[PDB]
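Scroll down for the structure; my scribbles are underneath it.
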Amino acid sequence: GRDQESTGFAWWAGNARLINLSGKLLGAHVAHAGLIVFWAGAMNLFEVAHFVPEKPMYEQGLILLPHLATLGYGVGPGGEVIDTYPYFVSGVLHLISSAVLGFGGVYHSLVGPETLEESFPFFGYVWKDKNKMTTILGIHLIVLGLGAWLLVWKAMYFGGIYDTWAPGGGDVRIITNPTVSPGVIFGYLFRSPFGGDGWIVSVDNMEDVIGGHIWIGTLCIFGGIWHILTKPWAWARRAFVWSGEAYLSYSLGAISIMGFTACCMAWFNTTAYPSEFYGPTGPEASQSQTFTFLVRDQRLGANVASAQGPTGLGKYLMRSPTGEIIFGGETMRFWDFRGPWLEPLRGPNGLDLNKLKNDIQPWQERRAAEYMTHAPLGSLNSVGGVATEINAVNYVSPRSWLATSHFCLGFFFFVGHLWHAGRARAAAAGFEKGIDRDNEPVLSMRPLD
Amino acid sequence: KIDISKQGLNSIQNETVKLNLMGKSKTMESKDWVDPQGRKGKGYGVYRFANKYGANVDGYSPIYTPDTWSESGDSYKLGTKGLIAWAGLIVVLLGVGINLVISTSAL
Amino acid sequence: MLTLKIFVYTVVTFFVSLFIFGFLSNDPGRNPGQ
Amino acid sequence: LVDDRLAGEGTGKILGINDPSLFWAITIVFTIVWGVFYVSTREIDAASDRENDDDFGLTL
Amino acid sequence: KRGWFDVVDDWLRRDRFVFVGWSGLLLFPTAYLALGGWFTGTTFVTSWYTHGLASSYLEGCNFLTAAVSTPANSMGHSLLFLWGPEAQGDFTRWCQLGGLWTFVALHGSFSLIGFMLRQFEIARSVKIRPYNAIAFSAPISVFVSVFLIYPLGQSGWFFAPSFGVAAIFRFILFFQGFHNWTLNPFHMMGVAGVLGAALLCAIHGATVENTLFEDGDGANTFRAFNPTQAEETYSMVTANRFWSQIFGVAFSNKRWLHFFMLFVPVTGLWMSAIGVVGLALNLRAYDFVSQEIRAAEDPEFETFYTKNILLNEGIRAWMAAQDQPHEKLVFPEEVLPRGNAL
Amino acid sequence: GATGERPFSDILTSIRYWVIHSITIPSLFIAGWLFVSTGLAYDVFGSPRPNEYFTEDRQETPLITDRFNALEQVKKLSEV
Amino acid sequence: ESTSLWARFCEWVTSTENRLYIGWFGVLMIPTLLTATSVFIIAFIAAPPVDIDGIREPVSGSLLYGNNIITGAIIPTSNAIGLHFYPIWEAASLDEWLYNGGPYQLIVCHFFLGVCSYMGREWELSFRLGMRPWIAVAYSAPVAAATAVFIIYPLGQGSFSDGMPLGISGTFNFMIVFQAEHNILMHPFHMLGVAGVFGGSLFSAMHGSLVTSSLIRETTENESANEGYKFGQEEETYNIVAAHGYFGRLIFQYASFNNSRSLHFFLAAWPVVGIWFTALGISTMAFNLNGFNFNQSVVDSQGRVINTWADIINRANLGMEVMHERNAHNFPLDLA
Ligand SMILES: CCCCCCCCCCCCCCCCCC(=O)OC[C@H](CO[C@@H]1O[C@H](CO[C@H]2O[C@H](CO)[C@H](O)[C@H](O)[C@H]2O)[C@H](O)[C@H](O)[C@H]1O)OC(=O)CCCCCCCCCCCCCCCCC
Ligand code: CLA
Ligand code: CLA
Ligand code: CLA
Ligand SMILES: CCCCCCCCCCCCCCCCCC(=O)OC[C@H](CO[C@@H]1O[C@H](CO)[C@H](O)[C@H](O)[C@H]1O)OC(=O)CCCCCCCCCCCCCCCCC
Ligand SMILES: CCCCCCCCCCCCCCCC(=O)OC[C@H](COP(=O)(O)OC[C@@H](O)CO)OC(=O)CCCCCCCCCCCCCCC
Ligand SMILES: CC1=C(/C=C/C(C)=C/C=C/C(C)=C/C=C/C=C(C)/C=C/C=C(C)/C=C/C2=C(C)CCCC2(C)C)C(C)(C)CCC1
Ligand SMILES: CC1=C(/C=C/C(C)=C/C=C/C(C)=C/C=C/C=C(C)/C=C/C=C(C)/C=C/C2=C(C)CCCC2(C)C)C(C)(C)CCC1
Ligand SMILES: CC1=C(/C=C/C(C)=C/C=C/C(C)=C/C=C/C=C(C)/C=C/C=C(C)/C=C/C2=C(C)CCCC2(C)C)C(C)(C)CCC1
Ligand SMILES: CC/C=C\C/C=C\C/C=C\CCCCCCCC(=O)O
Ligand code: OEX
Ligand SMILES: [Cl-]
Ligand SMILES: [Fe+2]
């Protein structure tokens, strides 16, 4: 290693001593990737070993297994786990590959070449060499595009992916006609983030997901090819700071945005995050509660359409601010919800009174009751229910865990982007270690008013 | 004003750690020194006014001075017989304690 | 109401374009460092 | 109906454009500012006493 | 030094790892006894016979729910000595009756007195000014008004805070429900003082750390300082210009800056103490009579103040039965205020 | 500098120190364990065991009503 | 000499000779903040009642409608609207716009953009003056707290009506309802935030008193020491060694800070981390991850429940829960 004597960086900032050491930096990155794969495999093995078939996935605190279920692995019609062997296979493969990755990282960090700019010119680089950095960026863009295309191939030729909107209940479908319309793809991208619109979180069928992935794979491959063959222009050289910490800050900001988007998608989406494996969402539980109370009160001989509440608005059915027929109560704020068990009862102008008066199905009622009781509310020590409940239920929704953790991560990485962007801009200018007593900039300016 | 030799940091084996504790670094006073990110040095060193005030804050109030350590304590006077007696006593006490914990509990 | 929307859109795009094209105009070079 | 309204909230339009006039306003203002910047970006660069070669920019 | 006083002063005011001083004789025993009493009460002593709860680790409570509980309301304002006419020398029954709370409080007050005296003595020995000793008056006033004056103006020690986390939370919620403590201007000044003190601390730390001087060649700037140096380590001119162009106003006097830093939280805490002293006699700024009259005459007038009033009413009605066992309040379920479907 | 006591770094890295304190700390730990397990903690400080919260006489929470007869009242309430 | 119109405009915008720095972030900051300020003042003075719960029960919050400073507020947007975008041009008339709670959304959006631009402008002036750019990082804690109470909580609860009102009594109502629904007092992140503010006050008073106690004599007794300090002077005005000696004899030697830079970094770091954690706690509780629930935890041998201070807190929460909205609920569970 090194020391503060010959570096100027303390032990709590020791990873900054390998900014200009290409081999050791590569070793550190490979070791970290091995750590990530190790966690994936170990967590998959931990979750597969603690899974019982008498309870749904969201009732047992699983977050990695529902990811494999949505890919159509070991699941059946209706969203019931049938086989649990592919999860074991995936976990074993990840855990074993982590060993190779960790060995590579340890080798490159301990006994590998310290600075690979003289023995391996192809892999060597300088942070200020724009062409080499752009070439590396293009290579990794090509790799990511290949990964997106690999995801696309699964839904088409290798058995497909789980579709929660499939006719006759959710099942593993095959996507034959993806939506590759420019108007459809641009509609999701340049949509408002507010209610009703929802930006890209509002994607409501797997055809749109597969079409967007085709688009993103093609774009990434083309951009990688473009960057391999070119170098930044004058307007780009005039606008950016060119150093390793600057590149790190850019990446930190990008992945902070990604983390916030992931949190929102986990909280709100139902297509890519089926409720069969993640439980009901926020609005879904409220809509289910109103639906089941309407059904129960209708079974007791009541007129749900003409029933009037304490405020005079409607106990079960009211009108949305645009005219659509929606559920009444405080769930009037969640009328944008759209779920597979509720859509069949919805007509062109909202809920159909005759359909919910004569054509409500027992499976719909069971889904509504289950999503009502398993609402995404809980406590830090995993106690289900509102904050004024008793210790009877040990449950916290998998959506809550992912949403909270990823919001925290996104905020902290935004703060990291701020820190590193500021430090890079200051260090490149040349005053990151303090002000110069001999030449203080403020002393040379005219005093203010 | 401050004598570095009288600060009690002369009994440290590791030269780099010794230099770290006095707030000194021979590498950094060179005009051609470059830190990991790639910034040249102005020859100040760790502290600009090291000659004016004697030493740094590290060389002013150290918290690890092996010179002031007691001459005894680096060797056990009781020797091997004391260690053997200690081993016997700790084995006996551990047995007695585990027996008492098991007996006083509900098995 | 459409006139208000057009006016607000014009104002917002004016200010955002000013921001973008000002930060694109060799901003890192405006520092007192030597 | 009793009155009239734009009726566009919660629809999912690209950039919220329901009328081409908004697109025209955005494009015209952006183009004006871009042209003003484009005329002067040559003079602005020359204030650094350096040429915009491959080594230009703030580097470390 | 030949006299008894002289030799005792020579030994007491010695240069040592732990300074004892003349005030140590009052500080160390009382502080040790208060800490030990709190730890013993939270670990072993219960609260079943005085409050009807469990407040110890022995009974199955964690760090948050363990506390030293106040005596029963029947005891009034009794000082509850170990030898008093209630415990009568019985240690176990003294612990069961709630005498450990008064023990801890009475020893803690004298420990606070001894600590301010120690601050004064150490300041005088080093020949500096006693502004640190002056600053402790705000915590001492807060402790005196909350733990002594407020219970002394109530039914008894039963309504004092209990030395615990969840007990303090219950005390806070009780103060909200019954006194409308959030609507007290003195509490508003206290909140402003505390938040402004935090603001000042953060902003001063950041401003000093980001206007440093280049006194070294290393990126670790903590090693470019020496306490005996003459020149200041940061640029006051640069800091002043930055904050003048960003905020509009800025400090130009270090002494005034640091006195303001001292002045803000002390004043906030003193104002809150005055408010609690006033609240000890149920002199609460609870309601606005004009708003109540307008809402009574007009069934359409509603503001957030009325909603807060309803919330306080619900808190009182639903907490009264268990929080005050001595009143023996039995409330039928149909008299408790309640909303629709909730 | 130093106020005239042995440095903590010197003491904590001593064979004598770790020979003396390989007995005292475990002895205190075992003493506390035996204090709790032998029932002394309940008897000294008067805390109720899990089976002594409610007696056959009263099935409600205790309440002390008299200030000067408090000793006798708490003696009666604690009766098993 | 600048000649182009754009070059002159850039030189003026990025000028360090202005009385108040403009910058490129100030270009975004000034109009948004002015818009929010104007709408806030006009609504606080003369706005009509706003239907906040969507149950046709308007709530007054304006001075002209029978309120004082303590009682006045800006009522959040209607519950019927939800998270939908409600700009001024989406209303049939200004009378309808003011009835549903438009000004709250307008002010909230403009204020969020303005505070983000304010932090950016802090960085910008730090760069232009030749400083180190982390005063902006310090400001991120209050920025995150404001975002959490104004944006993230409505985002997770599905409506802007669950947002914090722009008033005093409205703030107290927000706090009480938050406690009744999430048990915020039992949240470790709220405990960390409380520790942060209490420690910030402690350390601010401690530092101010220690610096004021070591002032070197440069005046007489008929004038203040502030007159003893001269702006722009080079020598230090107080005895760091004397203050360190006093503190190290007050507690013990190795507890005080001998390094002024380290002491000021600690002063900066404590409250910032505390507020970061409390804002993270609010944002986490937005997605219904409440605090510790030690209700009916202590149970005796026969199975009966022994109460605790946590149970008393639960009784208070039940009291303030069944009354936070009297007529807005038709079903037993508050799932939102
Ligand atoms: C180009 C630059 C930006 C330009 C535009 C800027 C506008 C700024 C306006 C000012 C106000 C600030 C922004 C407010 C955002 C509010 C987001 C919201 O109400 O909701 C967020 C939306 C969620 O949309 C939801 O999407 C849902 C999707 O619908 C459908 O979703 C599924 C589809 O299958 C299901 O079928 C489901 O039933 C169905 O309803 C619904 O439509 C909901 O009504 C809808 O609200 O997420 C999303 O847009 C995805 C994630 C968005 C970004 C991250 C948001 C969280 C972080 C905030 C910022 C950082 C804070 C921390 C740092 C602080 C310090 C700096
Ligand atoms: C260091 C100082 C100190 C101080 C100030 C206190 C203060 C207090 N203690 Mg604590 N205490 C201490 C140390 C101290 N304690 C020690 C070392 C122990 C041993 C563990 C205790 C154990 C203890 C117990 C067990 C109790 C207290 C309690 C109290 C209160 C006692 C009330 C009383 O009537 O006092 C006595 C009154 C006085 C005024 C004494 C002063 C009289 C002067 C000196 C005249 C001397 C004249 C006399 C006629 C002649 C004697 C001389 C001759 C015998 C040689 C008071 C708040 C009580 C409590 O808190 O109740 C809730 C209680 O129960 N204390
Ligand atoms: C995420 C993980 C991580 C990784 C991969 C690295 C990586 C690296 N660190 Mg950093 N570091 C980290 C976290 C990490 N660090 C943290 C948390 C801190 C704060 C304490 C630091 C502080 C720090 C300092 C102060 C320094 C480094 C340095 C180094 C580099 C040189 C290694 C070396 O010389 O000493 C390795 C020393 C040893 C011989 C220990 C070997 C133990 C091995 C590696 C354990 C892993 C083995 C595993 C159990 C089995 C794998 C085998 C396989 C077959 C399965 C290395 C690339 C050095 C540097 O700057 O280089 C120029 C250095 O000066 N780091
Ligand atoms: C991994 C991510 C990635 C990254 C980090 C970069 C990074 C960079 N790109 Mg590359 N690029 C990528 C992927 C990426 N690119 C892809 C996928 C493509 C194919 C479209 C390109 C095509 C491309 C071109 C054509 C150019 C660059 C340039 C640059 C540089 C300028 C920075 C900049 O964006 O200005 C900051 C960003 C802006 C001012 C605004 C951009 C935001 C756009 C306009 C949003 C709307 C999207 C757009 C209309 C595309 C359609 C959407 C889609 C659905 C079809 C920088 C080195 C420039 C250059 O230097 O080339 C050598 C340049 O001229 N890139
Ligand atoms: C993408 C290029 C970015 C270039 C650099 C930008 C730098 C920053 C500039 C300032 C940005 C903030 C102010 C913006 C104000 C104008 C926008 C506005 O108010 O729109 C508000 C309008 C609302 O539009 C509404 O639409 C309704 C129907 O849907 C009705 O028609 C309403 O009348 C209408 O107002 O929304 C939009 O214009 C949609 C914007 C979509 C943006 C997609 C960006 C995709 C690429 C980036 C992806 C990541 C984005 C960040 C995500 C994480 C965030 C934490
Ligand atoms: C575009 C700009 C964006 C941000 C704008 C910010 C505007 C606010 C500025 C307020 C300055 C007022 C200072 C007065 C006093 C004054 O003149 O200050 C000036 C004072 C000068 O200090 P000196 O070192 O020169 O003093 C020397 C000594 O000898 C004094 O005796 O500096 C300070 O104390 C800074 C602390 C200001 C703290 C102000 C906080 C806010 C106050 C509360 C606001 C209530 C609003 C109610 C609305 C209904
Ligand atoms: C350099 C460095 C570092 C780092 C490091 C790292 C990060 C590493 C990693 C590493 C890694 C990352 C590793 C890994 C490994 C792995 C392995 C070794 C595995 C194994 C496995 C197995 C053996 C399995 C088995 C099985 C099967 C087959 C089936 C089922 C069952 C079981 C599970 C049993 C540190 C920080 C120290 C610092 C200094 C420097
Ligand atoms: C897959 C998928 C999809 C698709 C997607 C896509 C296709 C996307 C794209 C995306 C994109 C395409 C994005 C972009 C972005 C961008 C950005 C975010 C930018 C930024 C920028 C910046 C930040 C800048 C800055 C600046 C300025 C302004 C000034 C000067 C300086 C600088 C340059 C720095 C969908 C949804 C359909 C469905 C689902 C799935
Ligand atoms: C009552 C009384 C008394 C007194 C007593 C005493 C003085 C005692 C003491 C006692 C004591 C003196 C105790 C203590 C205890 C302690 C403890 C129980 C501790 C614990 C700790 C912990 C649990 C820790 C934790 C942690 C960790 C591990 C990590 C980091 C953070 C912390 C540090 C928090 C007398 C007889 C005089 C008289 C009568 C009455
Ligand atoms: C000289 C010809 C060369 C290039 C011109 C090419 C294409 C012009 C195409 C479209 C211009 C109008 C764009 C309108 C966008 C949509 C507006 C709306 O949604 O109302
Ligand atoms: O609005 Mn305001 O507070 Ca959210 O929870 Mn449901 O809704 Mn209403 O109640 Mn609770
Ligand atoms: Cl409802
Ligand atoms: Fe200071």
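Among the residues of segment A:107-124, the ones that are farther than 15 Å from A:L18 by Cβ and part of a helix (DSSP H, G or I) come to 1 in all. For segment E:242-286, filtering for residues that are in contact (Cβ under 8 Å) with a residue 60 or more places away in the chain and either of a type in the set (A, V, I, L, M) or farther than 25 Å from E:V142 by Cα (or both) leaves 14.
For segment A:198-249, which residues satisfy the criterion of being in a loop (DSSP other than H, G, I, E, B) and either more than 14 Å from every other protein chain (Cβ to nearest Cβ) or within 16 Å of ligand 10 (Cβ to nearest atom) (or both)?
A:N205, A:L229
Residues in segment G:258-268 that are among the hydrophobic types (A, V, I, L, M, F, W, C) and within 7 Å of another protein chain (Cβ to nearest Cβ) were compared, and the one that is farthest from F:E5 (Cα to Cα) is G:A268. Condition test on A:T271, is it within 9 Å of chain G (Cβ to nearest Cβ) and either in a helix (DSSP H, G or I) or of a type in the set (V, I, T) (or both)? Taking the combined requirement at face value, the residue does not satisfy it. Of everything in segment D:1-16 that is within 16 Å of ligand 10 (Cβ to nearest atom) and buried (at least 17 other Cβ atoms within 10 Å of the Cβ), the residue that is farthest from the chain's Cα centre (by Cα) is D:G8.
Answer yes if at least one residue in segment E:265-284 is more than 7 Å from chain G (Cβ to nearest Cβ), among the charged types (D, E, K, R) and farther than 26 Å from E:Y150 by Cβ, and no otherwise. No, the conditions are met nowhere in segment E:265-284. From the list A:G282, A:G312, A:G323, A:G329, the one residue that fits, being at positive phi, away from ligand 4 (no atom under 16 Å from the Cβ) and crowded, with 20+ Cβ neighbours inside 10 Å, is A:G329.
The sole residue among D:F56, D:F37 that is within 20 Å of C:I20 (Cα to Cα), surrounded by 12 or more Cβ atoms within 10 Å (Cβ to Cβ), more than 16 Å from ligand 12 (Cβ to nearest atom) and aromatic (F, W, Y) is D:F37. Would you tally the residues in segment E:316-342 being without any contact (Cβ under 8 Å) to a residue 60 or more places away in the chain, among the hydrophobic types (A, V, I, L, M, F, W, C) and not in a loop (DSSP other than H, G, I, E, B)? The number of residues fulfilling the criteria is 4.
Per-residue answers, yes or no, for (1) within 22 Å of the chain's Cα centre (by Cα); (2) in a helix (DSSP H, G or I):
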position	(1), (2)
G:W89	no, yes
G:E124	no, yes
G:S140	yes, yes
G:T147	yes, yes
G:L166	yes, no
G:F178	yes, yes
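The helices (runs of 4 or more DSSP H) found wholly in segment E:80-194 and carrying at least 1 residues that are under 20 Å from the mean Cα position of the chain (by Cα) and under 30 Å from G:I275 (Cα atoms) occupy E:99-126, E:131-135, E:137-144, E:165-179. Restricting attention to segment D:1-45, and to residues there that are over 19 Å from C:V12 (Cα atoms) and assigned to a helix (DSSP H, G or I), which single residue is nearest to ligand 3 (Cβ to nearest atom)? Once the filter is applied, the top-ranked residue is D:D45. The residues on offer are E:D10, E:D90, E:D15, and the sole one that is more than 7 Å from chain F (Cβ to nearest Cβ), more than 16 Å from ligand 1 (Cβ to nearest atom) and surrounded by fewer than 19 Cβ atoms within 10 Å (Cβ to Cβ) is E:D10. Of the residues E:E297, E:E313, the single one that is surrounded by fewer than 23 Cβ atoms within 10 Å (Cβ to Cβ), away from ligand 1 (no atom under 16 Å from the Cβ), without any contact (Cβ under 8 Å) to a residue 12 or more places away in the chain and not aliphatic (A, V, I, L, M) is E:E297.
Looking across G:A336, G:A255, G:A243, one residue alone is under 34 Å from the mean Cα position of the chain (by Cα), touching a residue at least 40 places away in the same chain (Cβ under 8 Å) and more than 7 Å from chain E (Cβ to nearest Cβ). It is G:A336. Taking interchain pairs and intrachain pairs at least six residues apart, which have beta carbon atoms under 6 angstrom, with the first residue in segment G:170-187 and facing another protein chain (nearest Cβ under 7 Å) and the second in a helix (DSSP H, G or I) and among the basic types (K, R)? If the second residue must be in a helix (DSSP H, G or I) and among the basic types (K, R), the pairs left are G:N173/E:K307. Looking only at residues of segment E:270-290 that are surrounded by 14 or more Cβ atoms within 10 Å (Cβ to Cβ) and of a type in the set (S, T, Y), we find that the one that is farthest from the chain's Cα centre (by Cα) is E:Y286.
The residues of segment A:193-234 that are under 26 Å from A:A421 (Cβ atoms), surrounded by fewer than 19 Cβ atoms within 10 Å (Cβ to Cβ) and more than 9 Å from ligand 8 (Cβ to nearest atom), listed by number, are A:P193, A:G223, A:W226, A:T230, A:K231, A:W233, A:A234. The residue list E:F171, E:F242 contains one member that is more than 7 Å from chain G (Cβ to nearest Cβ) and more than 16 Å from ligand 4 (Cβ to nearest atom), which is E:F171.
Rundown of residues vs (1) surrounded by fewer than 20 Cβ atoms within 10 Å (Cβ to Cβ); (2) more than 7 Å from every other protein chain (Cβ to nearest Cβ); (3) in contact with a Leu (Cβ under 7 Å, 6 or more places away or on another chain); (4) within 30 Å of A:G314 (Cβ to Cβ), yes/no style:
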position: G:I45; (1), (2), (3), (4): yes, yes, yes, no
position: G:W89; (1), (2), (3), (4): yes, no, yes, yes
position: G:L113; (1), (2), (3), (4): yes, yes, yes, no
position: G:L125; (1), (2), (3), (4): no, no, no, no
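Of all residues in segment G:298-320, those satisfying the criterion of being facing chain E (nearest Cβ under 7 Å) and surrounded by fewer than 24 Cβ atoms within 10 Å (Cβ to Cβ) are G:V298, G:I306, G:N307, G:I312, G:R315, G:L318.
Considering segment E:215-239, and only residues there that are in a helix (DSSP H, G or I) and more than 8 Å from chain G (Cβ to nearest Cβ), the residue that is farthest from ligand 5 (Cβ to nearest atom) turns out to be E:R223. Considering segment A:68-98, the residues that are aliphatic (A, V, I, L, M) and in contact (Cβ under 8 Å) with a residue 60 or more places away in the chain include one that is surrounded by the most Cβ atoms within 10 Å (Cβ to Cβ), namely A:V75.
Hey, any hits in segment E:39-46 for a residue that's under 21 Å from the mean Cα position of the chain (by Cα) and within 30 Å of F:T3 (Cβ to Cβ)? Within segment E:39-46 (the criterion being under 21 Å from the mean Cα position of the chain (by Cα) and within 30 Å of F:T3 (Cβ to Cβ)), the answer is yes, since at least one residue qualifies. The residues in segment B:35-69 that are among the aliphatic types (A, V, I, L, M), more than 8 Å from chain E (Cβ to nearest Cβ) and in a loop (DSSP other than H, G, I, E, B) can be counted, and the count is 1. Within segment B:29-68, the only residue that satisfies the criterion of being touching a residue at least 24 places away in the same chain (Cβ under 8 Å) and closer than 23 Å to A:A426 by Cβ is B:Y47. Determine if segment A:137-148 includes at least one residue that is under 21 Å from A:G244 (Cβ atoms), more than 14 Å from chain D (Cβ to nearest Cβ) and small (G, A, S). Yes: segment A:137-148 contains one or more residues that are under 21 Å from A:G244 (Cβ atoms), more than 14 Å from chain D (Cβ to nearest Cβ) and small (G, A, S).
Computed from the coordinates by the stated procedures, all read-outs in this text should not be read as laboratory data. As a convention, Cβ positions derive from the backbone with ideal geometry for all residues, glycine included, and neighbour counts pool all protein chains shown.
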